[PDB]
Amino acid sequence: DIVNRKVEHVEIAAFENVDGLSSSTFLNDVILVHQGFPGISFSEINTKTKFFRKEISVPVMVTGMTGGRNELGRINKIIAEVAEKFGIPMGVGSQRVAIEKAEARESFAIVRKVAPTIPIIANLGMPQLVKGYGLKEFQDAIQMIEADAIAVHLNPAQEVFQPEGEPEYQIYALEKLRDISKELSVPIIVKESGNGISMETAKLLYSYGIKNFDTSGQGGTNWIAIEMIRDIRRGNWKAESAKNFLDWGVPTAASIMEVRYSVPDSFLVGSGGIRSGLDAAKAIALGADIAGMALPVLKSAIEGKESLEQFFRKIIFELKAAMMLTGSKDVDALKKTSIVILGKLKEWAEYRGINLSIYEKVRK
């Protein structure tokens, strides 16, 4: 039944109109300055970068999405095997369902069978931390897939509008996270889920020992929109209320600036509406360490292995083109390349006390 929601989620995300519905990443407001003389050759471009104690081929990750049933595990298989081939890290979807039901475990475990070397990231929702889950559940999630880290997702916006939603975010959960991070053999990443991380949230999480963030800003997959559709579907009145919140959240680009600024030493994934290698390039240039993607990886995976391979080739090429055209020989250079910030993103930063000079020094 939670397994039913899991299938609905995938199905609405993949086949309904929810990608960037009434929302925006603000990435249009970020421009990478073109360099007519790059000072490099396309083939000397190096996209390698660190992901905790591993090295990855490309500063892009697949962020967590699914699992909990066979056809979901078959998707997870296709993602993992292609991700392995390309040397790119992969998060799995929430493993709650696999803690609750042993039959769901294989649909997550398959990932490490087929992807023995890339970093694999576990997944549990923050609401579970106030509702009982602790160190052991974490370790179970981790060891079930021999994870190199665990993502704990923030999704209060989704919980609020979800028909069976659990909108529980008492501060107690953070004390518990901080305790759990004491005893855990792998690092914790805290990630949003389409509504983005603000500087207040990031600073709070940092004061509790969290150093790793995944922005998951608005403008990509709209989870409020997904839950609105679930509400429409079962005649729940919450639907029209969700409609008013469709553009709620921190835009991805704003979130990248906010986290990088307020926690300069953070390890930062920039995600939420990353749809090309250009987007990936802007996110990293803006301040992220890596770019994250979910929805378009799902869509390709559903079409098949080769379709997903073609997708990744395209992203990689697009990334390397932005690198080439900015004179960025490696990921480090991309992080310090020249940008222009315009429009609404500019105004958002000014209002939020983000001094653009100290910001340029911070991102490098």
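Quick note: we count residues from 1 along the sequence shown, nothing fancier. Definition used throughout: the rigid core is the maximal C-alpha set that superposes within 1.5 Å between two forms.
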Top-deviation stretch by C-alpha RMS in 8 other deposited structures of this protein (rigid core reference), from 158-166, 225-233, is 158-166
Comparing 97-105 to 117-125 by root mean square Cα deviation from the shown form in 8 other deposited structures of this protein, core aligned, the larger deviation is found at 97-105
Assert higher mean C-alpha B factor (240-248 or 268-276, deposited values) equals 240-248
Once average C-alpha B-factors are taken from the entry for 123-131 and 188-196, the winner is 123-131
Scanning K203, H153, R260, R233 for peak Cα temperature factor in the entry gives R233
Entry-reported C-alpha B-factor of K50 relative to its chain, by third, is highest
Quick tally, chain-level thirds of C-alpha B-factors: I180 sits in the highest
Here the Cα B-factor of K305, set against its chain, lands in the third termed highest
Chain-relative C-alpha B factor for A285 (record values, thirds): the lowest
Of the three thirds of Cα B-factor ranks in this chain, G68 occupies the highest
